[PDB]
Each structure stands twice: as C-alpha cells, then as structure tokens.
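> Pasting a structure below so you can have a look.
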Amino acid sequence: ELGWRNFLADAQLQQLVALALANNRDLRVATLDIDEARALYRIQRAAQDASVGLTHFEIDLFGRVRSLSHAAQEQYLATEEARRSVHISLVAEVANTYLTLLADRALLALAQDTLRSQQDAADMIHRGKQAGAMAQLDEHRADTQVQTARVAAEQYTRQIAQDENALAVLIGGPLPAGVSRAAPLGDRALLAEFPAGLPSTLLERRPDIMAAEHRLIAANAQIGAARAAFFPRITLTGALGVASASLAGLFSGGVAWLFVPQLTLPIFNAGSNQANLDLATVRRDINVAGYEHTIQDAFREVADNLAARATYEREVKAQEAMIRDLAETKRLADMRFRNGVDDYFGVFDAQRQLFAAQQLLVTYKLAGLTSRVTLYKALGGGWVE
C-alpha cells in the first residue's frame, strides 16, 4: 500500500499513524476528521487559508467531494488514486499534529522557565527600594516582563489542548499513554532525512498523476509515449535532501520551466502519423494538455517545498546566532546593573528580545519539519526502501 515507516522514524509517531490507518471509519468520514482536526489546530494558526500545507492533489480531492452528495463521495473515494490521496493526507496530518504538539510543549516549557526567572527578577528589584522617579519605572517594567511570560504560557497551554484534540480526531480515539510521557522536542530526530538522488519516477504515485494517466488510458492513449513526451527523468534531491541540480536547472530563470517536450512515440493509435508527431495538435486533446500541466505543477510543487525548507533551515541558523548574541548582551547588561554602572532598562530590553527570539526559534524549527511532511506528500508518498 502506502509507505511511511521509512520517513516517520519516531516509534511513538509510528504508533499514532498506524492507529489512524487501522481505524474502521470509511474514507468519507476520514476526510471529515482531517477537516475537523485542521480547523482545531492549524487553519486559524496560519496568522503567524483552509488549504495550508496541502498539495495540489489534496486540494483537488477535498474540493471534489465537497461538491458531491454522500453517495457520489463514497463512489469517488473508492478509486485507487482517491484512496491513496486520503491516506497520504491522513498520514501527514497525524505527523504534523504530533510534531506541532511537541513544539507547543517546548514553547510552554520556555514560557514557564521565563516566568519563573522573571518572578525572581521582579522580587530582587522591589527588594532594593529607591526613589520612585526611576525605581517605580523599573517595577512596572519588571512586572510587564512577568506579564508577557504569563500570557505566553497561557497561549501555549491552549495550543497544546488544541493539538491533543486534533490528534484524537485524527486517530479516531483516545491518545495512548505514550504521548503523555514523550521526550521533549529539543534536538532528537523524529523524521528521517530524504535520501540523496530520489528519482522523479516517484511522482508517478502522485494521486493527480495517477488520475491523469488513467484518463489517457481510457481515451486510448499510450502512456509510455506520453511519459516520453512530457515526463522528465531526473533526480529530485541532492546531498542531505536538498534540491538536486537537475531539478533546480529545470526552473533556472524562473517563469515557465526549461523541460523540452518532444514527440517520438505516437500518443494516440488514431489519427494520421503527422498529427501524432506535432506537439501543437496533440495539445488540443484535453487529456494530453491536462497531463502535461499536471506534471509541470507536480515538479514545481516539489521544487517549491525543497526551497521552502532551505529557507526555514536558514532562518533557524540565523535565529540561533541572534539568540547567541542576545544571551551575551543580557549577561553584560546584568553585570553592569549589579554593579550600578547602568540602569535596569538594558536588562529589560535584552531579556524581552531574547525571549521573543527563543520563541521564534521553535516555530522556525517546526516549519522546517512541517515542510518535510509536505514534501513527503508532493512526492506521492515518500520513497521506496
């Protein structure tokens, strides 16, 4: 069926996905559960769009069944491509929800550590009484440091609740006790890295390419001829799962890609041989033109998610060096305040920037993980062992 154990490496994460797949609900209900779960924890957190994190074929599926009656939905969803599309969405949505859960716990723990340190900072400032011209200013500042920490902790406790609700919906039942006692996000690896040199033929398993090839078979076209004409044969990834030079070369210069379609095999058994070797005439067939566009969108989608990930990993490293400088700045501020050389504003300003940067680091790490989950989908379901 669908392969995901090579991508989802964490044992607890593997357990959740297996329970979501083993649920006895029908695919129409599974579609309704994924919709409800995303609304609980994902759609409205796009502020920091109902289709966020969905590939082209997922958007196709969810829009098609929404336009249909229940009878039509159950029949549309019985096809092999529709079944694979719902499985891919379900596997990915369980992973992104459990990863988001572990991220929101780290955010809560960070907000609680900040809350405890700032409560002791506010205690130390009030102890050293002084003239109210500036001392009263330091007291209000120290209190609004604690206030921002308390508010952040409350936001993350609520987001943890939403993650656990959506996770229960996605697996169709109560959460196992292993979720309650899972190791913090930190630096441990839950996803496996994409292998180097993934073949583009993996995209044949995309539900939107399967349906496009099915339409051509029913229209009496030869799929082999169509692949030769419109389906690039390149590697998709390079070292450490970055975009391969072949894939980046297809989109060098932007605009429309640089793949050159050529007709060497007749796509249709009918019509004159001259018509079978002219691209313009073959593109007037709706199933050939749709097939050609579906392949360009599939490759473009794969390149876009690889670049998106590279951007997020860049932001993580930038945020870490920023946290490195702010940590030292706050240390040199704490030192000058303890001696009395400078006022407390320097500690206040540095701590407030440090805590904001530490929260951003977690969100940027999660976005990198999320984009790997999305790339697992855009490939048609990861890679073969």
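Chain labels follow the order of the structure tokens: the first chain is A, the next B, and so on; residue numbering restarts at 1 in every chain, and ligands are counted from 1 in their shown order.
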Please list as a ChimeraX atom specification every residue within 8 Å of residue 266 of chain A, counting only C-alpha atoms and excluding residues in the same chain fewer than 3 positions away.
/A:222,225,263,269,273,276-277
> Sorted by chain and rising residue number, list the residues of segment 51-140 of chain A at most 10 Å from segment 285-300 of chain A (counting only C-alpha atoms), each with its closest atom pair and distance in Å to one decimal, as a tab-separated table.

```
residue	atom	partner	partner_atom	distance
A:55	CA	A:298	CA	8.8
A:56	CA	A:298	CA	7.7
A:57	CA	A:298	CA	9.1
```
> I'd like a table as a Markdown table: residues in segment 4-28 of chain A with an atom no more than 12 Å from segment 97-103 of chain A, each row giving the shortest atom pair and its distance in Å to one decimal, only C-alpha atoms counted, sorted by chain and rising residue number.

```
| residue | atom | partner | partner_atom | distance |
| --- | --- | --- | --- | --- |
| A:8 | CA | A:99 | CA | 10.9 |
| A:10 | CA | A:99 | CA | 10.4 |
| A:12 | CA | A:98 | CA | 9.4 |
| A:13 | CA | A:98 | CA | 7.1 |
| A:14 | CA | A:98 | CA | 10.6 |
| A:15 | CA | A:98 | CA | 11.2 |
| A:16 | CA | A:98 | CA | 8.6 |
| A:17 | CA | A:98 | CA | 10.0 |
```
> Just the selected residues (C-alpha atoms), exported as an mmCIF file, in the first residue's frame, please.

```
data_model
loop_
_atom_site.group_PDB
_atom_site.id
_atom_site.type_symbol
_atom_site.label_atom_id
_atom_site.label_comp_id
_atom_site.auth_asym_id
_atom_site.auth_seq_id
_atom_site.Cartn_x
_atom_site.Cartn_y
_atom_site.Cartn_z
ATOM 1 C CA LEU A 8 8.384 8.680 10.190
ATOM 2 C CA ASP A 10 9.890 8.093 15.866
ATOM 3 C CA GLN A 12 5.556 6.942 19.156
ATOM 4 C CA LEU A 13 4.755 8.788 15.921
ATOM 5 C CA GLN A 14 4.681 5.454 14.078
ATOM 6 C CA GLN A 15 2.146 4.171 16.611
ATOM 7 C CA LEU A 16 -0.212 7.120 16.092
ATOM 8 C CA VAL A 17 -0.188 6.789 12.292
#
```
> Select from segment 64-181 of chain A every residue with an atom at most 8 Å from any atom of segment 335-350 of chain A, then for each give the shortest pair of atoms and their distance in Å to one decimal, using only C-alpha atoms, rows by chain and rising number, as CSV.

```
residue,atom,partner,partner_atom,distance
A:138,CA,A:344,CA,6.6
A:141,CA,A:348,CA,7.0
A:142,CA,A:348,CA,7.3
A:145,CA,A:348,CA,7.6
```
> Per residue of segment 272-360 of chain A within 12 Å of segment 39-54 of chain A, record the nearest atom pair and its distance in Å to one decimal, counting only C-alpha atoms, with rows in chain order and ascending residue number, as JSON lines.

```
{"residue": "A:301", "atom": "CA", "partner": "A:54", "partner_atom": "CA", "distance": 10.5}
{"residue": "A:305", "atom": "CA", "partner": "A:53", "partner_atom": "CA", "distance": 9.9}
{"residue": "A:308", "atom": "CA", "partner": "A:53", "partner_atom": "CA", "distance": 11.6}
{"residue": "A:360", "atom": "CA", "partner": "A:48", "partner_atom": "CA", "distance": 10.2}
```
> Keeping only N, CA, C and O atoms, take the residues you just selected and write them out as a PDB file, in the first residue's frame.

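Final output, saved to part_33.pdb:
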```pdb
ATOM      1  N   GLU A 301       5.816  22.053  -7.641  1.00  0.00           N
ATOM      2  CA  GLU A 301       5.450  21.895  -6.237  1.00  0.00           C
ATOM      3  C   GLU A 301       6.574  21.246  -5.440  1.00  0.00           C
ATOM      4  O   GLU A 301       6.813  21.604  -4.280  1.00  0.00           O
ATOM      5  N   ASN A 305       8.718  23.198  -2.322  1.00  0.00           N
ATOM      6  CA  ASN A 305       8.817  22.741  -0.941  1.00  0.00           C
ATOM      7  C   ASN A 305      10.262  22.499  -0.530  1.00  0.00           C
ATOM      8  O   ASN A 305      10.597  22.634   0.652  1.00  0.00           O
ATOM      9  N   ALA A 308      11.442  26.025   0.147  1.00  0.00           N
ATOM     10  CA  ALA A 308      10.834  26.455   1.402  1.00  0.00           C
ATOM     11  C   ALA A 308      11.590  25.892   2.597  1.00  0.00           C
ATOM     12  O   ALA A 308      11.856  26.607   3.570  1.00  0.00           O
ATOM     13  N   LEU A 360      10.635  32.314  18.582  1.00  0.00           N
ATOM     14  CA  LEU A 360      10.702  32.226  17.128  1.00  0.00           C
ATOM     15  C   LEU A 360      11.530  31.036  16.670  1.00  0.00           C
ATOM     16  O   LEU A 360      11.251  30.461  15.614  1.00  0.00           O
TER      17      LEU A 360
END
```
